[PDB]
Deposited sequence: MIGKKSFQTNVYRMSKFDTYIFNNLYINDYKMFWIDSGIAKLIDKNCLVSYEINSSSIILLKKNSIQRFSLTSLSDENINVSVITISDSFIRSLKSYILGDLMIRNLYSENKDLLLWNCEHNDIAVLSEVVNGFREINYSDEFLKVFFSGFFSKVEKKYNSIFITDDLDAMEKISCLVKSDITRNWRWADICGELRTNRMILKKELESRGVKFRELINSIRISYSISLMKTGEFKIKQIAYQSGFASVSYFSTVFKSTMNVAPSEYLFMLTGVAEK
């Protein structure tokens, strides 16, 4: 359970959630509990319908640009599972021998286990062993259904940059700071941002927004405090960037962390 952080979001009939420059702090996976939805991937310029068996995987350190639109006349619950790095590396272990958004059409076996994870393991209490072989076997499969490895040699350049920023979120980050800390020139590091279609400012802001989300999940409701705790120079800039990224206001998202 501590290796799994889950949330459930309500989706009104035919409503749309829009994400722009959304930085994925840790591996995530989500799916709808019922009905049908339309996912539009602005990064690959593609769209497709998903059902209660479709599982979407988001790669850590990726910068997402997509929208999800309900195509159901009833409310839909979107379950989101966040996996800890400690568990992910456990998965790397059970697996021996550039796509950031992976879609997997389940065989109501995997979506059954995933549904129990969001369900807080209160109907079935899988073991560490099973969960490790399951998930490891899950990514191992989806990796084949796509371009490259979903997991990453930990010392990836983007991972180094992200961890750096997260380790001192309020520092007034500049390219010079990144190059100096990583002992690497910008000509070599710039590919990480280019391939993700973001300029330096956007990258730092994206990491700070996801950091603010993590804070709101711990039980922090004071928006004013969250703005500064997340490294933003002001509450207004935080709110502007948050709204631009999540398409909703910070306080609005916090409210969604309640659940009905």
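In this chain the deposited sequence has gaps in the coordinates at 1-3, 101-110, 274-276, listed in sequence order.
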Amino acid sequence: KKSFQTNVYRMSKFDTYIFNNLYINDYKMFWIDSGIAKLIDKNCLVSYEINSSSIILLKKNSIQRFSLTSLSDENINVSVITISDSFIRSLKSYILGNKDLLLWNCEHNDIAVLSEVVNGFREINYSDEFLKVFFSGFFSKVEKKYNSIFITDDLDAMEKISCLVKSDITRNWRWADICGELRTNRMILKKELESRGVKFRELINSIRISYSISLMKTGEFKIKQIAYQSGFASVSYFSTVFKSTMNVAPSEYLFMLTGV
From here on, numbers count along this sequence of modelled residues.
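As the entry records it, the average C-alpha temperature factor is higher for 136-144, out of 136-144 and 73-81. Mean CA temperature factor is higher for 39-47 when stretches 39-47 and 222-230 are set side by side in the entry. Looking at 179, 131, 187, 161, the one whose CA carries the top B-factor in the deposited record is 131. The PDB entry assigns residue 165 a C-alpha temperature factor belonging to the lowest third of its chain's modelled residues.
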